[PDB]
Amino acid sequence: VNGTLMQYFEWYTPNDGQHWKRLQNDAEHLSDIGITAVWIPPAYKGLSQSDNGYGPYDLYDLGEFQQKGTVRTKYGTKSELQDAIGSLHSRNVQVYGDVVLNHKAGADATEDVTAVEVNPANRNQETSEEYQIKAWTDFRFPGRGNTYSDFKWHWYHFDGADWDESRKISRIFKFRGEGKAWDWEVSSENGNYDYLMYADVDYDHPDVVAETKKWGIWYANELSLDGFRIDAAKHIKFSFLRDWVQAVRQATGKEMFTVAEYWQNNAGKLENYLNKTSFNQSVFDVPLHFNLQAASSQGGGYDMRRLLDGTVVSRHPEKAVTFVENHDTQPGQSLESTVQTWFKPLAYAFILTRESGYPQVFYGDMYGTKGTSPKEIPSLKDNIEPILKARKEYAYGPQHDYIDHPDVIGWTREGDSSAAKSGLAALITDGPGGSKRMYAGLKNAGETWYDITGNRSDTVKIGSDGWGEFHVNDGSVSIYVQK
Ligand SMILES: [Ca+2]
Ligand SMILES: [Ca+2]
Ligand SMILES: [Ca+2]
Ligand SMILES: [Ca+2]
Ligand code: NA
């Protein structure tokens with residue numbers, strides 16, 4: 001059956017500590033609609049209870065220890081997470097854990113460090129004389145102690161930080177020391193994009209490298225994870241991420257599917273990342289997200305024939321996790337690039353009913369986002385579920401593309417022996433609707449198909465030659481399947 005991923009959280013998921021319970025309770029629903037894997041938010045202790053997990057303090061504290069004024073993380077306790085994972089597994093749904101290895105936040109104390117300021121637009125360029133600062137680099141894990149790992153962090157395990165406690169100033173501080181330099185083989189943006197935020201981990205440090213692989217194996221085992229989602233990959237030494245994934249797979253003997261969040265709308269750079277990680281992990285199809293967002297926001301002027309241009313799914317579908325939206329692109333966020341509501345179901349049809357790519361459904365799109373703007377994403381589960389049904393039960397067999405009009409594009413799937421009634425004919429348009437004749441397969445001759453989305457109430461009779469004339473409304477989507 002087709003695989004479908006679901007990012008199970010949004011930026012405004014509440015800090016009520018009930019998210020793991022929500023996931024456990026949603027297990028049956030997710031399995032029924034076709035979700036086969038869930039990407040959960042960072043499960044370890046952040047700098048505070050309210051942190052979304054991208055400001056990780058202790059990777060070995062899965063909401064288990066008394067650290068940062070809380071036992072549970074924003075999402076819940078370790079046991080509640082394990083219960084959720086157990087429920088998902090009982091329903092044949094896999095779980096991918098978020099991996100945040102770029103930096104550490106919320107150090108226990110500062111340490112005297114000799115550093116130098118670097119140009120934010122070119123981190124290879126020092127901009128000040130070297131001086132002593134008080135950097136938050138001492139991570140001792142007072143609540144966990146040596147449970148699971150006795151590794152303690154110090155300034156020399158980091159390449160830099162952005163805050164000096166002595167002068168109370170923010171700058172991009174690069175640490176001085178034997179062998180200290182920004183990690184190489186990271187995005188070349190800003191000269192060297194190794195530094196992003198908080199205390200930057202030094203992946204040139206052998207102990208850090210070894211300890212992080214040990215943690216990865218521990219993490220996978222502790223939660224019975226089936227895979228990973230790697231955070232801020234373009235800011236982490238590529239060869240390290242390559243080796244880290246390899247180490248976990250070698251130790252667990254499991255596939256451990258991994259998708260990296262390499263955030264750059266550039267197929268060439270994404271290709272480079274794949275090469276530098278020996279194609280051992282997928283990447284989110286950032287270009288496709290931007291193409292979909294462009295189509296949704298250009299008032300019908302976007303040339304739909306170019307929707308696959310420069311996308312990862314077009315070149316390496318085997319390494320592409322296609323998506324419409326995520327917590328960083330949703331309204332008000334750091335990478336804001338929201339696919340407009342009217343086009344959203346069309347975008348989902350594009351990633352869910354086509355043969356290429358591993359598609360991902362966004363929690364915020366299914367259940368809405370709880371931000372405070374006047375443009376929050378509404379709950380679109382009623383529009384998305386019929387499309388998920390199309391993917392689960394009908395998106396099989398030979399595909400025929402008709403991405404041949406600047407507004408109205410479509411494709412068909414003939415269906416195959418995996419499901420006797422599989423097959424579909426999809427049409428989407430970023431402007432006026434209309435009809436398009438498409439070959440749906442001679443094997444479907446004489447059948448009557450209907451629009452599973454319910455947007456149109458008319459049926460289509462497949463001709464004796466396997467062709468049908470399919471219709472779609474203005475700025476809409478229609479997916480015809482056998483009655
Ligand atoms: Ca380094
Ligand atoms: Ca880094
Ligand atoms: Ca158009
Ligand atoms: Ca059929
Ligand atoms: Na680094």
# chains A, B, ... in the order shown; residues from 1 in each chain; ligands from 1
>>> residues_around(residues="range 84-95 of chain A", least_positions_apart="4", cutoff="10 Å", atoms="only C-alpha atoms", output="ChimeraX atom specification")
/A:3-6,19-32,34-40,78-80,223-228,256-257
>>> write_last_selection(atoms="N, CA, C and O atoms", output="compact mmCIF listing (two decimals), in the first residue's frame")
# COMPACT_ATOMS: atom_id res chain seq x y z
N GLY A 3 2.64 4.64 1.00
CA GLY A 3 3.05 5.17 2.29
C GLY A 3 2.72 6.65 2.38
O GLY A 3 2.86 7.38 1.40
N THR A 4 2.29 7.08 3.56
CA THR A 4 1.95 8.48 3.77
C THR A 4 2.41 8.90 5.16
O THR A 4 2.08 8.27 6.17
N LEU A 5 3.20 9.97 5.19
CA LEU A 5 3.74 10.50 6.42
C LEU A 5 2.85 11.61 6.95
O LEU A 5 2.11 12.25 6.20
N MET A 6 2.90 11.83 8.26
CA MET A 6 2.16 12.92 8.85
C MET A 6 3.01 13.60 9.90
O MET A 6 3.50 12.95 10.83
N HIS A 19 -0.04 16.41 24.40
CA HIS A 19 0.14 16.03 23.01
C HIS A 19 0.40 14.54 22.77
O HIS A 19 -0.12 13.98 21.81
N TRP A 20 1.20 13.90 23.62
CA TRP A 20 1.44 12.48 23.43
C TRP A 20 0.13 11.71 23.60
O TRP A 20 -0.13 10.74 22.89
N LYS A 21 -0.70 12.16 24.54
CA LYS A 21 -2.00 11.51 24.74
C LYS A 21 -2.89 11.74 23.53
O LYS A 21 -3.62 10.84 23.11
N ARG A 22 -2.84 12.94 22.96
CA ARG A 22 -3.64 13.24 21.76
C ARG A 22 -3.22 12.30 20.64
O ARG A 22 -4.07 11.75 19.93
N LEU A 23 -1.92 12.10 20.47
CA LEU A 23 -1.42 11.22 19.43
C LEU A 23 -1.89 9.78 19.65
O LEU A 23 -2.31 9.11 18.71
N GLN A 24 -1.81 9.31 20.89
CA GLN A 24 -2.24 7.95 21.18
C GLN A 24 -3.72 7.78 20.85
O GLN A 24 -4.12 6.78 20.25
N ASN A 25 -4.53 8.76 21.23
CA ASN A 25 -5.97 8.72 20.97
C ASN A 25 -6.31 8.82 19.48
O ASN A 25 -7.36 8.37 19.05
N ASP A 26 -5.40 9.41 18.70
CA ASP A 26 -5.62 9.61 17.27
C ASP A 26 -5.08 8.45 16.43
O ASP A 26 -5.31 8.39 15.22
N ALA A 27 -4.39 7.51 17.07
CA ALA A 27 -3.80 6.37 16.37
C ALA A 27 -4.73 5.63 15.42
O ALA A 27 -4.37 5.37 14.27
N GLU A 28 -5.93 5.27 15.88
CA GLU A 28 -6.88 4.56 15.04
C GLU A 28 -7.28 5.39 13.83
O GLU A 28 -7.28 4.89 12.70
N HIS A 29 -7.61 6.65 14.07
CA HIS A 29 -8.00 7.58 13.02
C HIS A 29 -6.91 7.68 11.96
O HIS A 29 -7.18 7.58 10.76
N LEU A 30 -5.68 7.89 12.40
CA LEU A 30 -4.55 8.02 11.48
C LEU A 30 -4.37 6.77 10.64
O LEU A 30 -4.17 6.85 9.43
N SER A 31 -4.43 5.61 11.29
CA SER A 31 -4.27 4.35 10.57
C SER A 31 -5.37 4.18 9.53
O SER A 31 -5.11 3.80 8.39
N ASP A 32 -6.61 4.48 9.92
CA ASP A 32 -7.74 4.34 9.02
C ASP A 32 -7.66 5.21 7.77
O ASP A 32 -8.00 4.76 6.67
N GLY A 34 -5.04 6.15 6.28
CA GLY A 34 -3.89 5.82 5.46
C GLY A 34 -2.51 6.29 5.89
O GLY A 34 -1.54 6.07 5.16
N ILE A 35 -2.41 6.94 7.05
CA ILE A 35 -1.10 7.38 7.52
C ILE A 35 -0.31 6.14 7.92
O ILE A 35 -0.81 5.29 8.66
N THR A 36 0.91 6.02 7.41
CA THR A 36 1.74 4.87 7.71
C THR A 36 2.95 5.21 8.57
O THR A 36 3.65 4.32 9.04
N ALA A 37 3.20 6.50 8.76
CA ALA A 37 4.31 6.94 9.58
C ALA A 37 4.02 8.34 10.11
O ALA A 37 3.43 9.16 9.41
N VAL A 38 4.44 8.59 11.34
CA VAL A 38 4.24 9.88 11.96
C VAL A 38 5.56 10.48 12.42
O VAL A 38 6.37 9.81 13.06
N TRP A 39 5.78 11.74 12.08
CA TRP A 39 6.97 12.46 12.50
C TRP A 39 6.53 13.24 13.73
O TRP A 39 5.66 14.12 13.66
N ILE A 40 7.11 12.90 14.88
CA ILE A 40 6.77 13.56 16.12
C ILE A 40 7.75 14.70 16.42
O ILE A 40 8.90 14.67 15.99
N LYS A 78 7.79 10.84 29.15
CA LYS A 78 8.37 9.75 28.37
C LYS A 78 7.42 8.57 28.26
O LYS A 78 7.26 8.00 27.18
N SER A 79 6.79 8.20 29.37
CA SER A 79 5.86 7.06 29.38
C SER A 79 4.66 7.31 28.48
O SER A 79 4.20 6.39 27.80
N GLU A 80 4.14 8.53 28.49
CA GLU A 80 3.00 8.86 27.65
C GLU A 80 3.40 8.77 26.17
O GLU A 80 2.61 8.35 25.33
N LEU A 223 12.80 4.63 22.48
CA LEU A 223 11.45 4.89 21.98
C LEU A 223 10.98 3.95 20.88
O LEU A 223 9.88 4.11 20.36
N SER A 224 11.81 2.97 20.52
CA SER A 224 11.45 2.03 19.46
C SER A 224 11.12 2.79 18.18
O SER A 224 10.13 2.51 17.51
N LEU A 225 11.96 3.78 17.86
CA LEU A 225 11.75 4.59 16.66
C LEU A 225 11.99 3.80 15.39
O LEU A 225 12.80 2.87 15.35
N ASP A 226 11.28 4.18 14.33
CA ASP A 226 11.41 3.52 13.04
C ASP A 226 12.20 4.37 12.06
O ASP A 226 12.53 3.93 10.96
N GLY A 227 12.49 5.61 12.45
CA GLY A 227 13.21 6.50 11.57
C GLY A 227 13.45 7.84 12.23
O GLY A 227 13.12 8.03 13.40
N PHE A 228 13.98 8.77 11.44
CA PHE A 228 14.33 10.10 11.93
C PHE A 228 14.01 11.23 10.96
O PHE A 228 13.91 11.03 9.75
N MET A 256 15.57 2.34 9.57
CA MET A 256 15.66 3.69 10.10
C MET A 256 15.60 4.76 9.00
O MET A 256 16.55 5.52 8.80
N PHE A 257 14.48 4.78 8.28
CA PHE A 257 14.27 5.76 7.23
C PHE A 257 14.57 7.13 7.83
O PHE A 257 14.12 7.43 8.94
>>> closest_atom_pairs(of="chain A", to="ligand 4", cutoff="7 Å", atoms="only C-alpha atoms and all ligand atoms", output="Markdown table")
| residue | atom | partner | partner_atom_place_in_ligand_line | distance |
| --- | --- | --- | --- | --- |
| A:415 | CA | ligand 4 | 1 (Ca) | 6.7 |
| A:420 | CA | ligand 4 | 1 (Ca) | 6.7 |
| A:421 | CA | ligand 4 | 1 (Ca) | 4.8 |
| A:422 | CA | ligand 4 | 1 (Ca) | 6.1 |
| A:423 | CA | ligand 4 | 1 (Ca) | 6.3 |
| A:443 | CA | ligand 4 | 1 (Ca) | 6.3 |
| A:444 | CA | ligand 4 | 1 (Ca) | 4.3 |
| A:447 | CA | ligand 4 | 1 (Ca) | 6.7 |
| A:482 | CA | ligand 4 | 1 (Ca) | 6.0 |
>>> write_last_selection(atoms="N, CA and C atoms", output="PDB file, in the first residue's frame")
ATOM      1  N   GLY A 415      -4.591   2.002 -12.283  1.00  0.00           N
ATOM      2  CA  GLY A 415      -4.920   1.021 -11.267  1.00  0.00           C
ATOM      3  C   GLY A 415      -4.141  -0.232 -11.636  1.00  0.00           C
ATOM      4  N   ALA A 420      -8.340  -4.366  -7.211  1.00  0.00           N
ATOM      5  CA  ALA A 420      -9.167  -4.481  -8.409  1.00  0.00           C
ATOM      6  C   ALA A 420      -9.869  -3.220  -8.888  1.00  0.00           C
ATOM      7  N   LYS A 421     -10.260  -2.344  -7.970  1.00  0.00           N
ATOM      8  CA  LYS A 421     -10.942  -1.120  -8.379  1.00  0.00           C
ATOM      9  C   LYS A 421     -10.073   0.133  -8.289  1.00  0.00           C
ATOM     10  N   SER A 422      -8.758  -0.050  -8.213  1.00  0.00           N
ATOM     11  CA  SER A 422      -7.857   1.096  -8.140  1.00  0.00           C
ATOM     12  C   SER A 422      -7.805   1.833  -9.478  1.00  0.00           C
ATOM     13  N   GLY A 423      -7.328   3.073  -9.434  1.00  0.00           N
ATOM     14  CA  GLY A 423      -7.254   3.902 -10.622  1.00  0.00           C
ATOM     15  C   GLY A 423      -7.914   5.236 -10.327  1.00  0.00           C
ATOM     16  N   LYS A 443      -7.981  -0.835 -19.518  1.00  0.00           N
ATOM     17  CA  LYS A 443      -8.505  -1.766 -18.519  1.00  0.00           C
ATOM     18  C   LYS A 443      -9.728  -1.217 -17.796  1.00  0.00           C
ATOM     19  N   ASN A 444      -9.970   0.082 -17.937  1.00  0.00           N
ATOM     20  CA  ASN A 444     -11.108   0.719 -17.282  1.00  0.00           C
ATOM     21  C   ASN A 444     -12.233   1.107 -18.235  1.00  0.00           C
ATOM     22  N   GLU A 447     -16.374   1.835 -17.665  1.00  0.00           N
ATOM     23  CA  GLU A 447     -16.683   2.138 -16.278  1.00  0.00           C
ATOM     24  C   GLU A 447     -17.195   3.547 -16.069  1.00  0.00           C
ATOM     25  N   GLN A 482     -13.426   4.892  -9.803  1.00  0.00           N
ATOM     26  CA  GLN A 482     -14.507   3.981 -10.148  1.00  0.00           C
ATOM     27  C   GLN A 482     -15.566   3.892  -9.060  1.00  0.00           C
TER      28      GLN A 482
END
>>> select_by_dssp(residues="range 18-195 of chain A", states="alpha helix (DSSP H)", output="list in words")
residues 19, 20, 21, 22, 23, 24, 25, 26, 27, 28, 29, 30, 31, 32, 33, 78, 79, 80, 81, 82, 83, 84, 85, 86, 87, 88, 89 and 90 of chain A
>>> residues_near_ligand(ligand="ligand 2", cutoff="10 Å", atoms="only C-alpha atoms and all ligand atoms", output="VMD selection string")
chain A and resid 101 to 103 158 to 160 182 to 184 186 to 187 192 to 203 232 to 237
>>> write_last_selection(atoms="N, CA and C atoms", output="mmCIF file, in the first residue's frame")
data_model
loop_
_atom_site.group_PDB
_atom_site.id
_atom_site.type_symbol
_atom_site.label_atom_id
_atom_site.label_comp_id
_atom_site.auth_asym_id
_atom_site.auth_seq_id
_atom_site.Cartn_x
_atom_site.Cartn_y
_atom_site.Cartn_z
ATOM 1 N N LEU A 101 20.386 18.248 16.465
ATOM 2 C CA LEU A 101 21.801 18.145 16.820
ATOM 3 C C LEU A 101 22.661 19.360 16.514
ATOM 4 N N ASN A 102 22.081 20.380 15.908
ATOM 5 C CA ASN A 102 22.874 21.546 15.564
ATOM 6 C C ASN A 102 23.443 22.309 16.748
ATOM 7 N N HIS A 103 22.631 22.448 17.785
ATOM 8 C CA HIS A 103 23.019 23.243 18.934
ATOM 9 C C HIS A 103 22.401 22.737 20.223
ATOM 10 N N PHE A 158 31.923 23.095 21.643
ATOM 11 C CA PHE A 158 31.160 23.995 20.780
ATOM 12 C C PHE A 158 32.083 24.862 19.932
ATOM 13 N N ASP A 159 31.578 25.329 18.795
ATOM 14 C CA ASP A 159 32.356 26.192 17.918
ATOM 15 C C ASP A 159 32.109 27.659 18.202
ATOM 16 N N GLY A 160 30.983 27.950 18.839
ATOM 17 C CA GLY A 160 30.655 29.325 19.152
ATOM 18 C C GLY A 160 29.287 29.448 19.785
ATOM 19 N N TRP A 182 34.867 26.844 12.139
ATOM 20 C CA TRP A 182 33.517 26.434 11.769
ATOM 21 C C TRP A 182 33.610 25.102 11.034
ATOM 22 N N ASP A 183 32.663 24.207 11.299
ATOM 23 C CA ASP A 183 32.667 22.907 10.646
ATOM 24 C C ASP A 183 32.556 23.078 9.141
ATOM 25 N N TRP A 184 33.330 22.299 8.394
ATOM 26 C CA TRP A 184 33.262 22.426 6.951
ATOM 27 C C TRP A 184 32.377 21.369 6.365
ATOM 28 N N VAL A 186 29.019 22.417 5.157
ATOM 29 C CA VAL A 186 27.746 22.899 5.662
ATOM 30 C C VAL A 186 27.370 23.865 4.555
ATOM 31 N N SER A 187 26.197 24.472 4.645
ATOM 32 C CA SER A 187 25.795 25.427 3.624
ATOM 33 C C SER A 187 26.839 26.537 3.532
ATOM 34 N N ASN A 192 29.776 30.609 5.604
ATOM 35 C CA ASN A 192 29.739 29.320 6.277
ATOM 36 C C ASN A 192 28.545 29.408 7.212
ATOM 37 N N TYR A 193 27.540 28.570 6.976
ATOM 38 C CA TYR A 193 26.330 28.608 7.783
ATOM 39 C C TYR A 193 26.315 27.605 8.928
ATOM 40 N N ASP A 194 27.492 27.261 9.425
ATOM 41 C CA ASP A 194 27.581 26.333 10.537
ATOM 42 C C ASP A 194 26.812 26.954 11.706
ATOM 43 N N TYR A 195 27.100 28.204 12.038
ATOM 44 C CA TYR A 195 26.389 28.820 13.146
ATOM 45 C C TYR A 195 24.960 29.237 12.802
ATOM 46 N N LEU A 196 24.021 28.908 13.686
ATOM 47 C CA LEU A 196 22.621 29.278 13.493
ATOM 48 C C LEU A 196 22.058 29.950 14.742
ATOM 49 N N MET A 197 22.149 29.266 15.880
ATOM 50 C CA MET A 197 21.632 29.805 17.133
ATOM 51 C C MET A 197 22.209 29.078 18.344
ATOM 52 N N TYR A 198 21.973 29.654 19.521
ATOM 53 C CA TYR A 198 22.426 29.092 20.792
ATOM 54 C C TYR A 198 23.897 28.675 20.781
ATOM 55 N N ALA A 199 24.214 27.561 21.438
ATOM 56 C CA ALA A 199 25.585 27.071 21.474
ATOM 57 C C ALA A 199 25.757 26.066 20.344
ATOM 58 N N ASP A 200 26.590 26.421 19.377
ATOM 59 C CA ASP A 200 26.820 25.576 18.220
ATOM 60 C C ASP A 200 27.740 24.389 18.479
ATOM 61 N N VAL A 201 27.230 23.178 18.271
ATOM 62 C CA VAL A 201 28.029 21.980 18.509
ATOM 63 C C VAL A 201 29.189 21.860 17.532
ATOM 64 N N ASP A 202 30.362 21.523 18.057
ATOM 65 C CA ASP A 202 31.569 21.368 17.254
ATOM 66 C C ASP A 202 31.711 19.921 16.795
ATOM 67 N N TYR A 203 31.306 19.639 15.559
ATOM 68 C CA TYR A 203 31.398 18.278 15.060
ATOM 69 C C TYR A 203 32.776 17.853 14.561
ATOM 70 N N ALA A 232 17.585 21.202 10.905
ATOM 71 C CA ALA A 232 18.641 22.123 10.480
ATOM 72 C C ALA A 232 19.869 21.452 9.880
ATOM 73 N N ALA A 233 19.639 20.500 8.984
ATOM 74 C CA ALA A 233 20.725 19.761 8.363
ATOM 75 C C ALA A 233 21.772 20.581 7.618
ATOM 76 N N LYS A 234 21.388 21.710 7.027
ATOM 77 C CA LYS A 234 22.373 22.490 6.280
ATOM 78 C C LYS A 234 23.379 23.207 7.171
ATOM 79 N N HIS A 235 23.161 23.141 8.479
ATOM 80 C CA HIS A 235 24.046 23.788 9.441
ATOM 81 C C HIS A 235 24.917 22.769 10.166
ATOM 82 N N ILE A 236 24.836 21.502 9.774
ATOM 83 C CA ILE A 236 25.609 20.450 10.430
ATOM 84 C C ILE A 236 26.510 19.725 9.439
ATOM 85 N N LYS A 237 27.776 19.552 9.819
ATOM 86 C CA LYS A 237 28.777 18.869 9.001
ATOM 87 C C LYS A 237 28.110 17.694 8.285
#
>>> closest_residue(among="A:107, A:377, A:208, A:294", to="ligand 5", atoms="only C-alpha atoms and all ligand atoms")
A:208
>>> closest_atom_pairs(of="chain A", to="ligand 3", cutoff="8 Å", atoms="only C-alpha atoms and all ligand atoms", output="JSON lines")
{"residue": "A:295", "atom": "CA", "partner": "ligand 3", "partner_atom_place_in_ligand_line": "1 (Ca)", "distance": 7.2}
{"residue": "A:299", "atom": "CA", "partner": "ligand 3", "partner_atom_place_in_ligand_line": "1 (Ca)", "distance": 7.8}
{"residue": "A:300", "atom": "CA", "partner": "ligand 3", "partner_atom_place_in_ligand_line": "1 (Ca)", "distance": 4.2}
{"residue": "A:301", "atom": "CA", "partner": "ligand 3", "partner_atom_place_in_ligand_line": "1 (Ca)", "distance": 4.4}
{"residue": "A:302", "atom": "CA", "partner": "ligand 3", "partner_atom_place_in_ligand_line": "1 (Ca)", "distance": 4.3}
{"residue": "A:303", "atom": "CA", "partner": "ligand 3", "partner_atom_place_in_ligand_line": "1 (Ca)", "distance": 4.7}
{"residue": "A:304", "atom": "CA", "partner": "ligand 3", "partner_atom_place_in_ligand_line": "1 (Ca)", "distance": 5.4}
{"residue": "A:405", "atom": "CA", "partner": "ligand 3", "partner_atom_place_in_ligand_line": "1 (Ca)", "distance": 7.9}
{"residue": "A:406", "atom": "CA", "partner": "ligand 3", "partner_atom_place_in_ligand_line": "1 (Ca)", "distance": 4.5}
{"residue": "A:407", "atom": "CA", "partner": "ligand 3", "partner_atom_place_in_ligand_line": "1 (Ca)", "distance": 3.8}
{"residue": "A:408", "atom": "CA", "partner": "ligand 3", "partner_atom_place_in_ligand_line": "1 (Ca)", "distance": 7.5}
{"residue": "A:429", "atom": "CA", "partner": "ligand 3", "partner_atom_place_in_ligand_line": "1 (Ca)", "distance": 7.2}
{"residue": "A:430", "atom": "CA", "partner": "ligand 3", "partner_atom_place_in_ligand_line": "1 (Ca)", "distance": 5.2}
{"residue": "A:431", "atom": "CA", "partner": "ligand 3", "partner_atom_place_in_ligand_line": "1 (Ca)", "distance": 5.7}
>>> atom_distance(atom1="CA of residue 351 in chain A", atom2="CA of residue 292 in chain A")
10.1 Å
>>> residues_around(residues="range 469-478 of chain A", least_positions_apart="4", cutoff="6 Å", atoms="only C-alpha atoms", output="JSON, numbers by chain")
{"A": [346, 426, 427, 428, 429, 430, 431, 432, 433, 434, 435, 436, 437, 451]}
>>> write_last_selection(atoms="N, CA, C and O atoms", output="short mmCIF file (atom, residue, chain, number, x, y, z; two decimals), in the first residue's frame")
data_model
loop_
_atom_site.label_atom_id
_atom_site.label_comp_id
_atom_site.auth_asym_id
_atom_site.auth_seq_id
_atom_site.Cartn_x
_atom_site.Cartn_y
_atom_site.Cartn_z
N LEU A 346 -5.66 21.24 -3.69
CA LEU A 346 -5.08 20.94 -4.99
C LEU A 346 -3.65 20.47 -4.79
O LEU A 346 -3.20 19.50 -5.42
N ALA A 426 -7.16 12.74 -11.93
CA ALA A 426 -7.13 13.98 -11.17
C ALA A 426 -6.93 15.20 -12.04
O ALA A 426 -6.22 15.16 -13.05
N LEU A 427 -7.58 16.29 -11.63
CA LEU A 427 -7.47 17.57 -12.31
C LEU A 427 -7.42 18.67 -11.26
O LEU A 427 -8.17 18.64 -10.28
N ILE A 428 -6.52 19.62 -11.45
CA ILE A 428 -6.42 20.77 -10.56
C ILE A 428 -6.18 21.98 -11.45
O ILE A 428 -5.68 21.85 -12.57
N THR A 429 -6.58 23.15 -10.98
CA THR A 429 -6.40 24.37 -11.75
C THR A 429 -6.18 25.55 -10.82
O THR A 429 -6.86 25.68 -9.80
N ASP A 430 -5.23 26.41 -11.17
CA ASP A 430 -4.96 27.59 -10.35
C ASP A 430 -5.76 28.77 -10.89
O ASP A 430 -5.55 29.91 -10.50
N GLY A 431 -6.68 28.48 -11.81
CA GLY A 431 -7.51 29.53 -12.39
C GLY A 431 -8.84 28.96 -12.84
O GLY A 431 -9.40 28.10 -12.17
N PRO A 432 -9.38 29.44 -13.97
CA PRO A 432 -10.66 28.93 -14.45
C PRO A 432 -10.60 27.41 -14.64
O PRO A 432 -9.54 26.86 -14.96
N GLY A 433 -11.73 26.75 -14.44
CA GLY A 433 -11.79 25.32 -14.61
C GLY A 433 -12.10 24.97 -16.05
O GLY A 433 -11.91 25.79 -16.96
N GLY A 434 -12.59 23.76 -16.26
CA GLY A 434 -12.92 23.31 -17.59
C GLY A 434 -12.84 21.81 -17.63
O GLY A 434 -13.04 21.14 -16.61
N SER A 435 -12.53 21.26 -18.79
CA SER A 435 -12.43 19.82 -18.91
C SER A 435 -11.17 19.43 -19.67
O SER A 435 -10.59 20.24 -20.39
N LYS A 436 -10.75 18.19 -19.48
CA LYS A 436 -9.59 17.68 -20.18
C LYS A 436 -9.82 16.20 -20.43
O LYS A 436 -10.24 15.47 -19.52
N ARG A 437 -9.59 15.77 -21.66
CA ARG A 437 -9.74 14.37 -22.00
C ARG A 437 -8.41 13.70 -21.65
O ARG A 437 -7.35 14.21 -22.01
N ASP A 451 -16.40 11.85 -8.73
CA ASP A 451 -15.45 12.71 -8.03
C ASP A 451 -15.45 12.41 -6.54
O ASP A 451 -16.36 12.81 -5.81
#
>>> residues_around(residues="residue 326 in chain A", least_positions_apart="4", cutoff="10 Å", atoms="only C-alpha atoms", output="MDAnalysis selection string")
chainID A and resid 7:11 289 330:331 333 335:338 360:365
>>> write_last_selection(atoms="N, CA and C atoms", output="short mmCIF file (atom, residue, chain, number, x, y, z; two decimals), in the first residue's frame")
data_model
loop_
_atom_site.label_atom_id
_atom_site.label_comp_id
_atom_site.auth_asym_id
_atom_site.auth_seq_id
_atom_site.Cartn_x
_atom_site.Cartn_y
_atom_site.Cartn_z
N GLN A 7 3.22 14.90 9.74
CA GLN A 7 3.97 15.67 10.74
C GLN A 7 2.92 15.88 11.82
N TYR A 8 3.15 15.31 13.00
CA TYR A 8 2.15 15.42 14.05
C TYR A 8 2.29 16.54 15.08
N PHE A 9 2.22 17.77 14.60
CA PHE A 9 2.27 18.96 15.44
C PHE A 9 2.28 20.20 14.57
N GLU A 10 2.00 21.34 15.18
CA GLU A 10 2.04 22.61 14.48
C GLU A 10 2.74 23.56 15.44
N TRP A 11 3.11 24.74 14.96
CA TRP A 11 3.82 25.67 15.83
C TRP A 11 3.07 26.03 17.10
N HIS A 289 7.53 22.74 -2.44
CA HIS A 289 6.72 23.54 -1.54
C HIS A 289 6.62 24.97 -2.06
N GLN A 330 4.05 27.86 8.16
CA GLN A 330 2.70 28.28 8.53
C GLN A 330 2.68 29.77 8.90
N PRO A 331 1.49 30.38 8.92
CA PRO A 331 1.37 31.81 9.26
C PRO A 331 2.17 32.32 10.45
N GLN A 333 5.39 32.32 11.04
CA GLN A 333 6.66 31.70 11.40
C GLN A 333 7.90 32.13 10.61
N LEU A 335 9.95 30.79 8.49
CA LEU A 335 10.10 30.50 7.06
C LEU A 335 8.75 30.63 6.37
N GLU A 336 7.93 31.54 6.89
CA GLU A 336 6.58 31.77 6.37
C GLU A 336 6.49 31.78 4.85
N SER A 337 5.70 30.84 4.34
CA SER A 337 5.48 30.68 2.90
C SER A 337 4.29 29.73 2.81
N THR A 338 3.17 30.21 3.33
CA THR A 338 1.95 29.44 3.40
C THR A 338 1.20 29.27 2.09
N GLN A 360 3.87 13.94 2.75
CA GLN A 360 3.65 14.23 4.15
C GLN A 360 2.49 15.19 4.37
N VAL A 361 1.58 14.79 5.25
CA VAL A 361 0.43 15.62 5.61
C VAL A 361 0.81 16.44 6.84
N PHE A 362 0.42 17.71 6.85
CA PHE A 362 0.72 18.59 7.97
C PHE A 362 -0.43 18.64 8.98
N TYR A 363 -0.09 18.43 10.25
CA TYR A 363 -1.06 18.47 11.34
C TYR A 363 -1.87 19.77 11.29
N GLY A 364 -1.19 20.89 11.04
CA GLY A 364 -1.86 22.17 10.98
C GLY A 364 -2.88 22.28 9.87
N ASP A 365 -2.68 21.52 8.80
CA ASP A 365 -3.63 21.55 7.69
C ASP A 365 -4.84 20.69 8.00
#
>>> residues_around(residues="residue 190 in chain A", least_positions_apart="6", cutoff="9 Å", atoms="only C-alpha atoms", output="short mmCIF file (atom, residue, chain, number, x, y, z; two decimals) with N, CA, C and O atoms, in the first residue's frame")
data_model
loop_
_atom_site.label_atom_id
_atom_site.label_comp_id
_atom_site.auth_asym_id
_atom_site.auth_seq_id
_atom_site.Cartn_x
_atom_site.Cartn_y
_atom_site.Cartn_z
N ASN A 119 31.51 38.15 11.06
CA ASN A 119 30.49 38.82 10.27
C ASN A 119 29.29 37.90 10.08
O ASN A 119 29.42 36.79 9.58
N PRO A 120 28.09 38.36 10.48
CA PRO A 120 26.90 37.52 10.31
C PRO A 120 26.63 37.16 8.85
O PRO A 120 26.04 36.12 8.56
N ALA A 121 27.06 38.02 7.94
CA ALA A 121 26.86 37.79 6.51
C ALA A 121 28.02 37.02 5.89
O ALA A 121 27.97 36.63 4.72
N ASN A 122 29.07 36.81 6.67
CA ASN A 122 30.24 36.07 6.22
C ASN A 122 30.99 35.60 7.46
O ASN A 122 31.91 36.26 7.93
N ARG A 123 30.58 34.45 7.99
CA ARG A 123 31.19 33.91 9.20
C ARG A 123 32.65 33.51 9.09
O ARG A 123 33.27 33.16 10.10
N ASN A 124 33.21 33.55 7.89
CA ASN A 124 34.62 33.21 7.71
C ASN A 124 35.46 34.47 7.94
O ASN A 124 36.69 34.42 7.95
#
